[PDB]
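Asks: There's a structure below that I have some questions on.
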Amino acid sequence: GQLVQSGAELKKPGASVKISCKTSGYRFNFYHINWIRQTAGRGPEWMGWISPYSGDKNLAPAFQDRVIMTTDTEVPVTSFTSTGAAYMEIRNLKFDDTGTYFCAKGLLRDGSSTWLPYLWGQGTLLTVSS
Amino acid sequence: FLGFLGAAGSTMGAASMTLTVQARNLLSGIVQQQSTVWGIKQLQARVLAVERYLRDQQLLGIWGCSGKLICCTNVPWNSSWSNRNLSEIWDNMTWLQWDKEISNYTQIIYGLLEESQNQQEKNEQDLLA
Amino acid sequence: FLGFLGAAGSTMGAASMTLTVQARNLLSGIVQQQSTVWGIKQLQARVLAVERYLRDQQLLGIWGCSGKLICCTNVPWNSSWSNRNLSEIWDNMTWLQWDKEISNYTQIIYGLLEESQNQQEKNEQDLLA
Amino acid sequence: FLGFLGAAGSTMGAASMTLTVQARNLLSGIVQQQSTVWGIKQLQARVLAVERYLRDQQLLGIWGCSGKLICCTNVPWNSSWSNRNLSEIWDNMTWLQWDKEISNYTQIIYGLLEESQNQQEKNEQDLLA
Amino acid sequence: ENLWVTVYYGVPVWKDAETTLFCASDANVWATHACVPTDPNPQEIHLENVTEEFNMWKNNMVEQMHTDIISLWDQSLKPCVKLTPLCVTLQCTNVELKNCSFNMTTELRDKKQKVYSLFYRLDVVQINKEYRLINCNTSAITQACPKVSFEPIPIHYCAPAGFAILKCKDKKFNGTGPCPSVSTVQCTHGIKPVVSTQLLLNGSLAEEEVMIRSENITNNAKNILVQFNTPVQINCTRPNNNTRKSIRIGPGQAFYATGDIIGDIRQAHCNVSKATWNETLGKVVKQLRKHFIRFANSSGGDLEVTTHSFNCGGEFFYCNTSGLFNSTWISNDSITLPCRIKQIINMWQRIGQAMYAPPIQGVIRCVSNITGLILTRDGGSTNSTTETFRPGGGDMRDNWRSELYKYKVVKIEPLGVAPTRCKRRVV
Amino acid sequence: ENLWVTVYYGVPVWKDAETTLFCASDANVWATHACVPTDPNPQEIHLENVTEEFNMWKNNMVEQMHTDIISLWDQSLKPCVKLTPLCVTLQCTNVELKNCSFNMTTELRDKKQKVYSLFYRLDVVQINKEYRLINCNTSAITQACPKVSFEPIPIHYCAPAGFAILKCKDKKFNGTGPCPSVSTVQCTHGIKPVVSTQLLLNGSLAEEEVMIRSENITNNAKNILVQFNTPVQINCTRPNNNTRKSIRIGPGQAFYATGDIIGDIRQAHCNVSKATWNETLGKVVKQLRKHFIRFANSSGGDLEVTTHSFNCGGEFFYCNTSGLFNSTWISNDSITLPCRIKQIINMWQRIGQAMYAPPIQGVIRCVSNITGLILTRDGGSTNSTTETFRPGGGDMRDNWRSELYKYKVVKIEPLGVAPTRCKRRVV
Ligand SMILES: *[C@@H]1O[C@H](CO)[C@@H](O[C@@H]2O[C@H](CO)[C@@H](O[C@@H]3O[C@H](CO[C@H]4O[C@H](CO[C@H]5O[C@H](CO)[C@@H](O)[C@H](O)[C@@H]5O)[C@@H](O)[C@H](O[C@H]5O[C@H](CO)[C@@H](O)[C@H](O)[C@@H]5O)[C@@H]4O)[C@@H](O)[C@H](O[C@H]4O[C@H](CO)[C@@H](O)[C@H](O)[C@@H]4O)[C@@H]3O)[C@H](O)[C@H]2NC(C)=O)[C@H](O)[C@H]1NC(C)=O
Ligand SMILES: *[C@@H]1O[C@H](CO)[C@@H](O[C@@H]2O[C@H](CO)[C@@H](O[C@@H]3O[C@H](CO[C@H]4O[C@H](CO[C@H]5O[C@H](CO)[C@@H](O)[C@H](O)[C@@H]5O)[C@@H](O)[C@H](O[C@H]5O[C@H](CO)[C@@H](O)[C@H](O)[C@@H]5O)[C@@H]4O)[C@@H](O)[C@H](O[C@H]4O[C@H](CO)[C@@H](O)[C@H](O)[C@@H]4O)[C@@H]3O)[C@H](O)[C@H]2NC(C)=O)[C@H](O)[C@H]1NC(C)=O
Ligand SMILES: *[C@@H]1O[C@H](CO)[C@@H](O[C@@H]2O[C@H](CO)[C@@H](O[C@@H]3O[C@H](CO[C@H]4O[C@H](CO[C@H]5O[C@H](CO)[C@@H](O)[C@H](O)[C@@H]5O)[C@@H](O)[C@H](O[C@H]5O[C@H](CO)[C@@H](O)[C@H](O)[C@@H]5O)[C@@H]4O)[C@@H](O)[C@H](O[C@H]4O[C@H](CO)[C@@H](O)[C@H](O)[C@@H]4O)[C@@H]3O)[C@H](O)[C@H]2NC(C)=O)[C@H](O)[C@H]1NC(C)=O
Ligand SMILES: *[C@@H]1O[C@H](CO)[C@@H](O[C@@H]2O[C@H](CO)[C@@H](O[C@@H]3O[C@H](CO[C@H]4O[C@H](CO)[C@@H](O)[C@H](O)[C@@H]4O)[C@@H](O)[C@H](O[C@H]4O[C@H](CO)[C@@H](O)[C@H](O)[C@@H]4O)[C@@H]3O)[C@H](O)[C@H]2NC(C)=O)[C@H](O)[C@H]1NC(C)=O
Ligand SMILES: *[C@@H]1O[C@H](CO)[C@@H](O[C@@H]2O[C@H](CO)[C@@H](O[C@@H]3O[C@H](CO[C@H]4O[C@H](CO)[C@@H](O)[C@H](O)[C@@H]4O)[C@@H](O)[C@H](O[C@H]4O[C@H](CO)[C@@H](O)[C@H](O)[C@@H]4O)[C@@H]3O)[C@H](O)[C@H]2NC(C)=O)[C@H](O)[C@H]1NC(C)=O
Ligand SMILES: *[C@@H]1O[C@H](CO)[C@@H](O[C@@H]2O[C@H](CO)[C@@H](O[C@@H]3O[C@H](CO[C@H]4O[C@H](CO)[C@@H](O)[C@H](O)[C@@H]4O)[C@@H](O)[C@H](O[C@H]4O[C@H](CO)[C@@H](O)[C@H](O)[C@@H]4O)[C@@H]3O)[C@H](O)[C@H]2NC(C)=O)[C@H](O)[C@H]1NC(C)=O
Ligand SMILES: *[C@@H]1O[C@H](CO)[C@@H](O[C@@H]2O[C@H](CO)[C@@H](O[C@@H]3O[C@H](CO[C@H]4O[C@H](CO)[C@@H](O)[C@H](O)[C@@H]4O)[C@@H](O)[C@H](O[C@H]4O[C@H](CO)[C@@H](O)[C@H](O)[C@@H]4O)[C@@H]3O)[C@H](O)[C@H]2NC(C)=O)[C@H](O)[C@H]1NC(C)=O
Ligand SMILES: *[C@@H]1O[C@H](CO)[C@@H](O[C@@H]2O[C@H](CO)[C@@H](O[C@@H]3O[C@H](CO)[C@@H](O)[C@H](O)[C@@H]3O)[C@H](O)[C@H]2NC(C)=O)[C@H](O)[C@H]1NC(C)=O
Ligand SMILES: *[C@@H]1O[C@H](CO)[C@@H](O[C@@H]2O[C@H](CO)[C@@H](O[C@@H]3O[C@H](CO)[C@@H](O)[C@H](O)[C@@H]3O)[C@H](O)[C@H]2NC(C)=O)[C@H](O)[C@H]1NC(C)=O
Ligand SMILES: *[C@@H]1O[C@H](CO)[C@@H](O[C@@H]2O[C@H](CO)[C@@H](O)[C@H](O)[C@H]2NC(C)=O)[C@H](O)[C@H]1NC(C)=O
Ligand SMILES: *[C@@H]1O[C@H](CO)[C@@H](O[C@@H]2O[C@H](CO)[C@@H](O)[C@H](O)[C@H]2NC(C)=O)[C@H](O)[C@H]1NC(C)=O
């Protein structure tokens with residue numbers, strides 16, 4: 001399956017930005033959708049995940065109050081695949097929030113690592129500047 | 001408990017723990033008062049149900065599993081059927097897409113099963129002093 | 001030997017030693033020359049016999065007893081079903097009044113049987129190193 | 001592999017190694033489009049096949065062999081049935097002339113089988129401390 | 001790390017299958033005789049996470065129901081009185097409806113009787129006054145038994161054991177496609193076999209928005225099925241107070257002639273609340289525009305297919321729908337529709353025989369829910385300029401598709417083979 | 001040295017059995033409706049070393065096929081138009097064939113019509129000119145539906161599961177006896193149910209030498225079956241260019257009368273190449289002499305059994321075989337045989353009803369393989385002086401024996417008990 005994220009946005013510090021993540025080639029309702037970021041100063045940082053099926057969310061404490069993760073309802077394609085869309089809106093941007101953001105499909109439907117990011121999108125570049 | 005076919009969308013293991021519901025609710029018995037087109041229909045359908053059931057039971061018995069449900073064999077899993085490891089199969093696919101992925105090689109597996117069981121029984125016949 | 005249902009009035013143990021006569025004489029096979037109302041009847045009755053037989057065999061198999069006749073389970077006898085000791089049951093009542101006394105709780109016993117057997121089979125699946 | 005009944009003229013052992021082909025190809029399933037004299041016929045034949053199959057499976061189960069194919073018993077071979085040694089029987093006669101030679105005493109053997117199995121099961125019931 | 005195959009019996013696996021279904025009823029020769037009474041409580045088991053493809057146009061339950069209704073119709077018509085001798089030359093005078101006197105065989109072979117009956121204009125044609133029934137030169141005729149009722153009662157279509165029926169519970173579900181919410185049932189809901197043309201009667205209503213279902217929208221040849229979310233009400237009455245005259249035409253045989261009219265000289269009609277029909281028509285054109293507007297009548301010659309044909313109380317009504325389909329849309333005062341009555345009908349005279357609907361004594365009045373419609377486009381003109389919609393009821397199968405759209409038949413394949421790290425105990 | 005019984009399931013054991021067989025077709029009301037289509041590839045499994053006894057005369061497949069053809073004939077004749085009213089007094093004039101005018105009920109009960117039809121001499125008899133159809137005083141009559149075809153198409157007789165059909169593949173195999181080469185099949189080959197008398201049509205040909213099969217050769221009462229190794233060709237034509245006149249005799253009923261002849265005044269006939277028939281007759285008398293010679297016609301009164309009776313294109317031909325059976329043997333120029341035509345036939349009027357074969361418009365011409373013969377000896381004279389053979393077609397079952405000679409029905413007894421040195425594990 002393919003994960004296609006929104007392209008890129010330039011935002012001023014203090015503003016907000018909303019990144020999208022449209023999915024296809026797999027059942028969107030079944031695998032968790034994670035949001036992970038990468039900046040040059042702090043390296044890789046896991047932000048949170050959301051379940052397209054139940055709406056359950058788990059946010060890292062560093063982003064619990066400024067990040068909003070949402071999902072749409074899966075659009076069926078055949079029976080074993082579908083198309084979907086998840087969104088992440090990050091607000092109060094700062095210079096250290098500049099980096100690449102990824103949405104990622106989980107590994108297994110059940111087990112010891114269900115949410116584990118397995119299939120990744122191409123990434124969305126967020127620049128915070130004046 | 002979810003009911004008949006309740007775990008159709010579940011993982012293969014989640015459904016595998018409750019195969020007995022689906023297996024039991026497979027045979028009905030819906031009495032009668034036909035004493036007619038409707039009667040011909042009800043009589044014809046009656047036969048087909050237990051017919052499929054007995055075909056499946058025949059297959060179960062000619063594989064060394066007339067006791068139904070869960071049984072193991074001496075046939076190794078040839079990698080050419082599917083290349084997925086255990087975790088992926090039992091916690092990423094449902095039984096429907098599984099049978100879709102393995103329908104190409106189902107009858108070969110059935111033949112391997114019958115032959116392994118026949119060799120086991122020949123060994124049993126050899127197995128006395 | 002007393003014949004089919006000969007031990008119906010006997011003690012449950014006396015009948016239990018000769019359940020096989022009743023079990024065997026349960027399936028017939030009465031040929032034909034119907035080549036008509038009578039034919040519709042004979043065809044309809046044909047189905048019902050083996051239908052009940054296969055329902056009973058289905059129940060036997062989904063309890064871990066597809067080999068028929070006498071089998072034991074892991075289900076403890078909950079005293080709420082009947083409070084009689086062993087001597088009273090096996091040497092004071094016949095099978096008819098027994099099934100009358102336990103018909104209230106038959107299906108619960110059947111469910112306990114199926115579930116105990118399913119757990120045994122899950123253990124069997126776990127049972128390899 | 002020779003096919004259904006391919007070893008009919010073979011030695012009893014040569015056929016015995018491949019009884020499973022004949023046993024499997026015993027049950028068919030030939031769909032339908034009868035939706036008539038022909039329909040009455042096809043429906044009547046449908047019943048008789050699985051009827052004979054279930055009679056044979058009933059016999060297999062009431063002998064302690066519901067798992068089908070090859071099983072052994074506690075019944076000794078009374079010399080009055082046939083006086084031939086092992087080599088002669090398994091490498092000089094086919095199954096057809098064998099069943100011709102033993103058809104006189106088939107039902108007695110069946111009764112001995114059922115009774116030996118029933119005594120084994122009574123022993124099983126006795127078999128706990 | 002060593003894998004071996006293991007057999008699983010009772011795996012949730014099914015495949016698309018066509019099998020011979022059976023009926024179910026409980027509360028009328030067609031379904032009261034039916035078959036086995038329905039279970040006190042049906043089990044509808046929701047199947048979480050399951051998305052299954054449905055196709056109402058390639059559905060076999062429709063063809064099965066169609067042939068079943070046909071065969072039941074013949075089985076109920078066979079024992080009744082066939083009016084082959086009623087093809088005597090008729091001498092008719094005016095009262096539309098005509099008073100016809102004719103000879104008829106009595107019970108004694110040698111004796112004859114002159115009787116008179118009232119016949120609607122559609123049943124009779126002149127030759128050279130002398131008249132004959134329209135059917136007498138095309139086919140034989142048989143009279144529907146008076147006891148049997150043409151009132152449709154709900155009939156549940158059931159699948160045999162080892163098979164299952166899948167039911168899409170998606171409210172916005174298109175006719176065909178993947179259904180995200182699926183439950184399984186042994187039998188469908190109570191489907192009334194309402195014989196109708198153009199507008200659908202006594203069907204089931206779609207939840208949320210009304211539904212437009214075609215096999216191909218852009219193709220004019222494929223009809224258009226409409227299912228309401230809100231039912232409209234239609235009251236149909238035959239005001240004439242007819243009388244039934246039983247005249248004996250042989251040993252046992254008895255023809256039911258139409259006696260002289262009692263009461264008004266008014267033709268049967270149906271009212272529909274204009275307010276509710278304007279709301280429903282608005283929502284219809286909104287769902288029509290979701291894929292694209294005027295509405296015109298259909299004019300195709302056969303009265304029984306050009307008019308809203310149906311059965312009510314045992315009389316067969318054929319209704320001018322022009323009041324409902326004279327409109328143009330670019331986004332109580334109940335309308336009244338005239339209905340003529342036929343007692344001779346040929347929906348399958350060539351397959352078999354014609355039917356004489358016996359006259360019904362007294363005034364007729366039935367109230368019906370109008371739940372659906374059946375439409376058709378014109379021939380493609382200059383594209384995207386204007387679109388015209390005329391109502392049709394060309395076939396009866398579309399009614400079965402209209403109530404079988406949510407159901408689907410599958411066979412259970414309980415045999416699954418899967419790899420585990422398990423080997424049987426060595427001999 | 002200690003032997004114990006052990007059960008074997010699936011032993012190659014079978015016993016002679018008679019069961020209800022079923023049909024199979026794929027490519028005509030009798031077999032196109034048939035049953036289940038045949039498998040794409042049939043499995044014929046040779047059974048090495050196996051010698052099995054066959055008996056074509058005590059075979060039940062023959063009686064089964066006979067009753068099946070009879071029941072199918074009745075089931076296809078039942079819905080068609082019965083010509084009970086066509087027994088009106090006929091006024092007939094000469095054109096053999098006779099032009100008959102008669103009254104007939106119209107559609108209206110009171111009106112009558114005078115129509116004329118052409119009738120072959122065999123169908124009508126005079127009483128006191130005034131005539132009637134020959135059947136009207138013996139039995140009722142019904143007209144074969146024009147759509148159904150009397151062309152025999154191959155029908156495969158199949159055994160149910162748990163049973164099997166044994167097929168003798170011995171080329172020189174006598175009718176009855178032990179067959180050294182036997183294979184097993186679920187269904188027979190495509191057998192065309194050709195209704196014939198005397199000579200056999202469209203059968204299967206014996207390989208190597210032609211085959212003479214009787215139940216007892218020395219017994220005159222038992223017929224003689226002949227199967228060719230080389231098929232002879234026979235071309236049968238009805239040159240008259242008949243015309244069909246559909247006259248309506250009631251609501252729906254329609255009689256198909258014979259219009260005036262177009263073309264020649266020639267009677268139907270069949271040619272057979274004299275060279276090929278002389279070769280075939282020579283090989284026949286050689287196989288006859290293998291058990292022992294002149295050939296004469298049979299003269300027994302009933303035209304339908306004395307003549308090569310058959311059906312071609314829907315017309316029933318009855319042929320003078322005198323050109324084929326005028327010979328004496330002590331070790332293109334095609335012969336031509338005259339054939340008369342009947343449209344009223346009674347092969348079972350007493351069991352049931354008679355059939356009116358509808359007239360066939362235009363000229364008729366069918367080409368048939370003549371594969372077999374049915375013969376009979378005279379009464380025993382002075383022994384070994386001379387032997388005389390006349391052709392007969394006394395019964396239809398002999399045709400079924402002619403194609404069922406190689407097949408046999410058995411039931412599988414998969415239960416074998418045998419001694420091994422094996423005991424079950426002690427409890
Ligand atoms: C239909 O398909 C869907 C989608 O595929 C499928 O749903 C999946 O089901 C599988 C198994 O059935 C799930 O895998 C399991 O997940 C279990 C639940 O995860 C727990 O953790 C969440 C995070 O909790 C944190 O945050 C909260 C605050 O949010 C905080 O309070 C906590 O303390 C913690 O910090 C939690 O939110 C989540 O809660 C949801 O679910 C509970 C019920 O469990 C409910 O009460 C809530 O309201 C909320 O909806 C939940 O608590 C997890 O427990 C489990 O791990 C154990 O089990 C496995 C065996 O299964 C063991 O191997 C393992 O060692 C653990 O012991 C496992 O990971 C999967 O997450 C679902 N979702 C997917 C895949 O997207 C349905 O089951 C399918 N249904 C059918 C019928 O087919
Ligand atoms: C239908 O219902 C009836 C009624 O319920 C039922 O009959 C009961 O059957 C059960 C078992 O089937 C019986 O219980 C057994 O009884 C056995 C018989 O008792 C013996 O003792 C009697 C006394 O003998 C003394 O007196 C005589 C002179 O009269 C003297 O010569 C003796 O030496 C001795 O001093 C004796 O009269 C009696 O004789 C009757 O029966 C014999 C056949 O046995 C017959 O030949 C006679 O003509 C007479 O009719 C008999 O000899 C007893 O042996 C047995 O105890 C042994 O077996 C049990 C296992 O069953 C062992 O556990 C135990 O250790 C002993 O080894 C047991 O007590 C019961 O008595 C019957 N009657 C009732 C309950 O009223 C039928 O069976 C039912 N039938 C069906 C088909 O359902
Ligand atoms: C139908 O019925 C027939 C008749 O009853 C039956 O045929 C019998 O089948 C059984 C077993 O199926 C046979 O018994 C076996 O015979 C095997 C073959 O014998 C070998 O020896 C022959 C002699 O060889 C010498 O001469 C040649 C030159 O001629 C020389 O080159 C050699 O070096 C040597 O010096 C040889 O000719 C013969 O060859 C035939 O067969 C081979 C195939 O094997 C073929 O290639 C040839 O073209 C030729 O046709 C053959 O090589 C023998 O191997 C076997 O012994 C072994 O097996 C048994 C187990 O079966 C072991 O216990 C034993 O220890 C050995 O390891 C055994 O003796 C019997 O001979 C047949 N004939 C009879 C009985 O007359 C069919 O099978 C039946 N079929 C069905 C379907 O029912
Ligand atoms: C489908 O549409 C048709 C018409 O197209 C309807 O037919 C009408 O049905 C109504 C019944 O609801 C009939 O109404 C009757 O009217 C009588 C006269 O009233 C007129 O006069 C007064 C004063 O002049 C006006 O105010 C009034 O508006 C009318 O113009 C009444 O006398 C009748 O009342 C009856 O009941 C009372 C109480 O029980 C008695 O005391 C009276 O004596 C009387 O028996 C009645 O209300 C109307 O006449 C019908 N019209 C026609 C043309 O027939 C159908 O009802 C409608 N629905 C269907 C068919 O389902
Ligand atoms: C769409 O669905 C609706 C709902 O089912 C159908 O409406 C039914 O229409 C039928 C007419 O075909 C109605 O049946 C007839 O009702 C008449 C009026 O009933 C009144 O009187 C009875 C007396 O017992 C009361 O119990 C009742 O409550 C009413 O007050 C009766 O006169 C009729 O009886 C005659 O026929 C029956 C059946 O053959 C015979 O047994 C009788 O002896 C008598 O000869 C008949 O009962 C029915 O009531 C309506 N149902 C409802 C719920 O209103 C529509 O017809 C349907 N649409 C189409 C096109 O069919
Ligand atoms: C069964 O047996 C019957 C007779 O018992 C056969 O009937 C004959 O069929 C043939 C067709 O093969 C007919 O032959 C026709 O002959 C016409 C005249 O030819 C005669 O004259 C010439 C010169 O005088 C002689 O040399 C010759 O031998 C004949 O004596 C021809 O003119 C016909 O030709 C047609 O075709 C050509 C080319 O297409 C056209 O240009 C011609 O104009 C013409 O249309 C034709 O060849 C013969 O007449 C038939 N005899 C009778 C008595 O009817 C059956 O054919 C045979 N087989 C069956 C029934 O299957
Ligand atoms: C022994 O076996 C042979 C071989 O099967 C039989 O020969 C068949 O004889 C039948 C007549 O009973 C033939 O059927 C008829 O053939 C006529 C000629 O066909 C020509 O025209 C068609 C046009 O489509 C061509 O396709 C074809 O190739 C030929 O060139 C047709 O005119 C007939 O059609 C009429 O009947 C059919 C069936 O009822 C209707 O559907 C039609 O609408 C029409 O009314 C008919 O098809 C058949 O072709 C012959 N088969 C062969 C292979 O030659 C012998 O009859 C049989 N012996 C006996 C005693 O039955
Ligand atoms: C649907 O509407 C069409 C019109 O678009 C109807 O056809 C028209 O019906 C009217 C009846 O009011 C006809 O008027 C009459 O025509 C006759 C013809 O003999 C004439 O003699 C009368 O004086 C009167 O004018 C009109 O001609 C006719 N036009 C056409 C083109 O058909 C149609 O009947 C309606 N059908 C349905 C099913 O609603
Ligand atoms: C088989 O051959 C026999 C002869 O052995 C046929 O019988 C004979 O048929 C001929 C017809 O050519 C008869 O000749 C005619 O007889 C009539 C009688 O009325 C007579 O009027 C004529 O002048 C002419 O002579 C002959 O009598 C007759 N003989 C006998 C004994 O029957 C028979 O018809 C042939 N049948 C078949 C089925 O081939
Ligand atoms: C019914 O709805 C389905 C969607 O559920 C339609 O399917 C789409 O059809 C178009 C063709 O115009 C395709 O391009 C899409 O890819 C289809 N979508 C899916 C999910 O399959 C279907 O066309 C509709 N049917 C009608 C008659 O309108
Ligand atoms: C068909 O052929 C068999 C041989 O395959 C004939 O059987 C023989 O019949 C004669 C009687 O005249 C006996 O004496 C022989 O012993 C039989 N041989 C066998 C091997 O059984 C049979 O008679 C032939 N049938 C006919 C009608 O000629």
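Naming works like this for the structure tokens: A, B, ... for the chains as they're shown, residue 1 at the start of each chain, ligands 1 onward in shown order.
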I want to know what sits within 9 Å of residue D:124, based on only C-alpha atoms, with residues of the same chain fewer than 5 positions away left out; could you give that as a tab-separated table (two decimals) with C-alpha atoms, in the first residue's frame?

Replies:
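Saved file selection.tsv follows:
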chain	number	residue	atom	x	y	z
C	70	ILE	CA	-18.53	-44.16	25.87
C	71	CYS	CA	-16.23	-41.21	26.56
D	119	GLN	CA	-15.45	-54.70	26.35
F	427	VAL	CA	-6.18	-50.92	27.65

Asks: Give the residues close to ligand 1, within 9 Å, counting only C-alpha atoms and all ligand atoms; write them as a PyMOL selection string.

Replies: (chain A and resi 27+29-33+50-59+106-115) or (chain B and resi 2+6-11+14-15+91-92+94) or (chain E and resi 47-50)

Asks: Applying 8 Å and only C-alpha atoms, which residues near stretch 27-35 of chain F remain after dropping the ones on its own chain fewer than 6 positions away? List them as a list in words.

Replies: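 Contacts, with the query itself left out: residues 32, 33, 34, 38, 39 and 42 of chain D; 72, 73, 76, 148, 149, 150, 151, 153, 154 and 155 of chain F.
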
Asks: Take the residues from that selection and put them in a file with N, CA, C and O atoms, as a compact mmCIF listing (two decimals), in the first residue's frame.

Replies:
# COMPACT_ATOMS: atom_id res chain seq x y z
N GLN D 32 -25.91 -29.38 -10.09
CA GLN D 32 -27.31 -29.45 -10.49
C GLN D 32 -27.65 -28.29 -11.43
O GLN D 32 -26.94 -27.29 -11.49
N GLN D 33 -28.75 -28.47 -12.16
CA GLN D 33 -29.44 -27.40 -12.88
C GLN D 33 -30.85 -27.87 -13.19
O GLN D 33 -31.43 -27.51 -14.23
N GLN D 34 -31.41 -28.68 -12.29
CA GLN D 34 -32.75 -29.23 -12.43
C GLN D 34 -33.85 -28.21 -12.15
O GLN D 34 -35.03 -28.57 -12.25
N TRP D 38 -36.09 -36.88 -14.50
CA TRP D 38 -34.66 -36.79 -14.29
C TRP D 38 -34.32 -36.21 -12.91
O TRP D 38 -33.38 -36.67 -12.26
N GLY D 39 -35.08 -35.22 -12.47
CA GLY D 39 -34.84 -34.65 -11.15
C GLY D 39 -35.14 -35.62 -10.03
O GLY D 39 -34.38 -35.72 -9.07
N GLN D 42 -32.13 -38.01 -9.99
CA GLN D 42 -30.91 -37.43 -9.44
C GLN D 42 -31.03 -37.23 -7.93
O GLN D 42 -30.07 -37.44 -7.19
N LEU F 72 -40.37 -40.16 -20.55
CA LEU F 72 -40.06 -38.90 -21.22
C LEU F 72 -41.02 -38.63 -22.37
O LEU F 72 -41.41 -37.48 -22.60
N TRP F 73 -41.37 -39.67 -23.12
CA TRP F 73 -42.30 -39.50 -24.22
C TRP F 73 -43.62 -38.95 -23.70
O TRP F 73 -44.18 -37.99 -24.25
N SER F 76 -43.30 -35.28 -22.47
CA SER F 76 -43.24 -34.30 -23.54
C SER F 76 -44.54 -34.22 -24.33
O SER F 76 -44.79 -33.20 -24.97
N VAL F 148 -40.84 -29.37 -30.11
CA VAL F 148 -40.04 -30.49 -29.63
C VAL F 148 -39.59 -31.27 -30.85
O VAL F 148 -40.31 -31.38 -31.85
N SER F 149 -38.38 -31.81 -30.80
CA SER F 149 -37.81 -32.50 -31.94
C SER F 149 -37.66 -33.97 -31.60
O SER F 149 -37.32 -34.32 -30.46
N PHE F 150 -37.91 -34.83 -32.58
CA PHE F 150 -37.78 -36.26 -32.37
C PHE F 150 -36.39 -36.77 -32.71
O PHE F 150 -36.16 -37.98 -32.71
N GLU F 151 -35.46 -35.86 -33.00
CA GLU F 151 -34.10 -36.25 -33.33
C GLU F 151 -33.42 -36.82 -32.09
O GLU F 151 -33.36 -36.14 -31.06
N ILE F 153 -30.59 -37.45 -29.59
CA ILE F 153 -29.29 -36.89 -29.26
C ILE F 153 -28.65 -37.79 -28.21
O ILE F 153 -29.38 -38.45 -27.46
N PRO F 154 -27.33 -37.85 -28.11
CA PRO F 154 -26.70 -38.78 -27.16
C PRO F 154 -27.03 -38.47 -25.70
O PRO F 154 -26.93 -37.34 -25.25
N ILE F 155 -27.42 -39.52 -24.99
CA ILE F 155 -27.77 -39.47 -23.57
C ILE F 155 -26.86 -40.45 -22.85
O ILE F 155 -26.84 -41.64 -23.18

Asks: Can you pull out every residue within 10 Å of stretch 298-314 of chain E, counting only C-alpha atoms, but drop anything in the same chain fewer than 2 positions away, and send it as a VMD selection string?

Replies: chain E and resid 122 144 146 148 to 152 194 to 201 236 to 238 295 to 296 316 to 322 325 337 to 343 345 to 347 357 to 360 363 to 368 375 to 376 378 389 to 395

Asks: Which residues are near stretch 98-100 of chain B? Cut-off 10 Å, only C-alpha atoms, ignore same chain within fewer than 3 positions. Put them as a VMD selection string.

Replies: (chain B and resid 12 82 89 to 90 92 to 95 103 to 106) or (chain E and resid 11 13 to 14 413 415 to 418)
